[PDB]
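Take the sequence shown: its letters are residues 5 to 125, 127 to 260, numbered as in the authors' numbering. A virtual CB, placed ideally from N, CA and C, is assigned to each residue, including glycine. Working notes for the structure below.
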Amino acid sequence: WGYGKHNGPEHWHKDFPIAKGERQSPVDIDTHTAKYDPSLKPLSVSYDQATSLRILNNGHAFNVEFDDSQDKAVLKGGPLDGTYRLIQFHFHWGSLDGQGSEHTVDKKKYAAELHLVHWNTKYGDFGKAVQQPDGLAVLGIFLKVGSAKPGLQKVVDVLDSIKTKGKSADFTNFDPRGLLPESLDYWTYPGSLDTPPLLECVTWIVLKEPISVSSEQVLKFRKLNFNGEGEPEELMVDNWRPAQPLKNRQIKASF
Ligand SMILES: [Zn+2]
């Protein structure tokens, strides 16, 4: 599985049949259809005590891993029940500024999409969490091209070091609060993982407000490689999945 013509998202159903299930992600957010739910509590992002460990190139994206052995970086409130611990964050981008986000807003596509993954502490670990309908909570943030993102430069500067698949690099003292938009207004719906095994155990929380990144910021993302070191070079671009059928599900808004 990958994002090429032969192993791309239209092919995943053969090894991962849930690809055509009832609560697949991402989806298109119809803002005129989304229902304003007054019983939605504000989001609670506690990341002041976050501890990053490393960054790695897994062949489909790069991940910034966090120590989730304690309630250091948590998400609670909103539509969630209980505490969700930050395990890792990764992005999805395109070959051009015209595409890259997974979620779409009235069919509008952004340059990239940031996903913060959290698991419900009730289930003890991530592996058990992914077996429950309320197991994960993903915080999604849209990226648009404009001004540089002061807070994103640290990540940007380390990509040279993890250019190929399998590579990883120590990555401590990274503060995720630097990637957050000003407003925490959101849309939420029940969905799945965006990559196989595409388990249908996520509570998506898509922030209304995008963060802006500079052209040169995004450009460094485009220099990554899908391939392992010593194999033909295949640039890591368009590592995003096409929007899926809502199928009855309803999208709620906190505004
Ligand atoms: Zn993702």
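Contacts around residue i, its chain only, beta-carbon distance under 7 Å, and the 5 residues preceding and following it disregarded
i, result
"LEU148", "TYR114, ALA115, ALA116, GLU117, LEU118, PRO215, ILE216, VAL218"
"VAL161", "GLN222, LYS225"
"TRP5", "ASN11, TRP16, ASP19, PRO201"
Reference residue i; option with closest CA among the options
i, options, result
"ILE91", "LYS111, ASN61, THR55", "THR55"
"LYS76", "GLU221, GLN255, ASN178", "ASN178"
"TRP97", "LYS257, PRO138, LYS225, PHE260", "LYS225"
"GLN255", "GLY8, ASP139, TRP192", "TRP192"
"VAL49", "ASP190, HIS15, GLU205", "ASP190"
"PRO42", "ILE146, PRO83, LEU251, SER197", "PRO83"
"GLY25", "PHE93, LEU198, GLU236, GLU234", "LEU198"
"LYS45", "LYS80, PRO30, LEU184, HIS64", "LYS80"
"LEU120", "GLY235, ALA38, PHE66", "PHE66"
Residues near residue i in its chain [Cβ-Cβ closer than 8 Å; skip 5 each side]
i, result
"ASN230", "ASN61, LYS168, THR169, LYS170, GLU238, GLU239, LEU240, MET241"
"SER220", "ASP101, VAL150"
"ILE33", "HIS107, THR108, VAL109, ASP110, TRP192, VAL211, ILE256"
Residues of its chain near residue i, where Cβ-Cβ distance is below 6 Å and the 5 sequence neighbours each way are ignored
i, result
"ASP243", "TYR7, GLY98, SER99"
"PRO186", "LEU212, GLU214, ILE216"
"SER166", "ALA174"
"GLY183", "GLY156"
Within the region 101-125, note down every full beta strand (DSSP E) run reaching 3 residues or more, in order along the chain. 116-124
In chain order, what are the residues with a CB under 5 Å from some non-hydrogen atom of ligand 1? Here the list is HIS119, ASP199.
Contiguous alpha helix (DSSP H) assignments of at least 4 residues, all confined to the region 153-203: If only uninterrupted alpha helix (DSSP H) runs of at least 4 residues are considered, those enclosed by the region 153-203 are 158-163.
Under 8 Å: do the region 130-148 and the region 101-113 share three or more Cβ pairs, one atom per stretch? yes
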